[PDB]
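Engineer: here is my input, please return the structure:
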Amino acid sequence: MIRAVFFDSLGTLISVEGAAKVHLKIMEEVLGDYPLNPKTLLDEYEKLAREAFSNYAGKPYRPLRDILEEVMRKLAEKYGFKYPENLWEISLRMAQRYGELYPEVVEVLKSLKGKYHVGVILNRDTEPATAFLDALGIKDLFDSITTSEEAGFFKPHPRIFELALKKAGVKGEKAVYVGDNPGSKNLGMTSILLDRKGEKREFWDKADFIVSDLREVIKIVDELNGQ
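Structural biologist: Residues are numbered from 1 along each chain as shown. Okay, here it is:
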């Protein structure tokens with residue numbers, strides 16, 4: 001009965017060590033020999049970035065490119081370094097060089113594809129997100145790529161999930177939702193929380209299933225289709 005499987009963000013796919021290396025290598029190229037610790041710039045950027053996502057959560061869409069460029073403009077003014085006009089070119093190049101997926105992603109996505117509609121749902125701009133998936137080498141492994149830019153509202157507004165389901169052409173009850181965060185609620189979708197290092201034990205009643213890696217997603221869908 002399960003016909004579609006959706007992943008909530010790149011966090012379910014990119015390794016923590018990979019994403020950290022990409023972000024640091026971006027800040028290192030931005031700064032060059034400027035007398036600022038690139039790790040400090042990164043930590044401050046992330047702080048301001050998380051604030052922006054919270055401020056815009058559930059609001060009408062505004063290009064994340066514009067939001068994050070404003071953040072970098074603030075930092076360049078605060079610390080005094082030259083604003084990187086080629087920021088997004090740097091970011092994609094570093095993602096392609098240093099972006100590392102969790103080891104099971106490619107094989108699990110290929111297995112799910114061909115049996116089910118496999119989609120990714122992203123709180124991002126469409127062209128950048130699609131280019132990022134291409135730089136990571138998994139763009140073609142998704143039947144659908146659905147973004148807040150397409151939906152017109154930032155998560156957790158339900159429109160993005162309604163759109164994802166309509167691209168697949170299935171009721172919410174015929175789809176599962178895999179995410180790193182405890183949110184598709186009240187749309188009928190089966191929720192699978194991904195806790196790779198067992199440090200989300202608190203919200204282990206906030207999901208229908210709990211897995212430590214993506215291979216178990218196939219096991220759960222096989223179980224549900226059997227019941």
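Engineer: the top helix by length along the chain: how far from the chain's middle?
Structural biologist: Counting residues, the longest helix in the chain under DSSP state H turns out to be helix 38-56. Distance, stretch centre to chain centre, for helix 38-56: 16 Å (CA atoms, centre = their mean, to the nearest Å).
Engineer: again, but for stretch 150-168
Structural biologist: When C-alpha coordinates are averaged (CA atoms, centre = their mean), stretch 150-168 and its chain have centres 14 Å apart.
Engineer: buried stuff in that stretch?
Structural biologist: Using 16 or more other CB atoms under 10 Å as the burial criterion, the residues of stretch 150-168 that qualify are 150-151, 153-155, 157-158, 160-161, 163-165, 167-168. All C-beta spots, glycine's among them, are computed from the backbone N, C-alpha and C.
Engineer: among those residues, pick out the one closest to residue 74, please.
Structural biologist: Using CB to CB, residue 154 is the member of the buried residues of stretch 150-168 that lies nearest residue 74, at 20.4 Å.
Engineer: how far away is that closest one from residue 148?
Structural biologist: Look at residue 154 and residue 148: by CB to CB, to the nearest Å, they are 5 Å apart.
Engineer: do residue 202 as well
Structural biologist: Counting by CB to CB - residue 202 and residue 148 are separated by 27 Å.
Engineer: looking at these two, which one has more neighbours?
Structural biologist: A direct count of neighbours by other CB atoms under 10 Å for residue 202 and residue 148 places residue 148 higher, at 27 against 9.
Engineer: that one contacts residue 155, doesn't it?
Structural biologist: Yes. Here residue 148 lies in contact with residue 155, judged by CB atoms under 8 Å, at a distance of 6.5 Å.
Engineer: overlap in contacts, those two.
Structural biologist: Residues within reach of residue 148 and of residue 155 at once, by CB atoms under 8 Å, 6 or more residues apart in numbering, are residue 123.
Engineer: enumerate every residue touching the closest residue to residue 203 other than its chain neighbours.
Structural biologist: Nearest non-adjacent residue to residue 203, counting by CB to CB, 6 or more residues apart in numbering: residue 182, 3.5 Å away. Shown here is residue 182, whose contacts under the criterion CB under 8 Å, 6+ apart are 193, 200, 203, 206-207.
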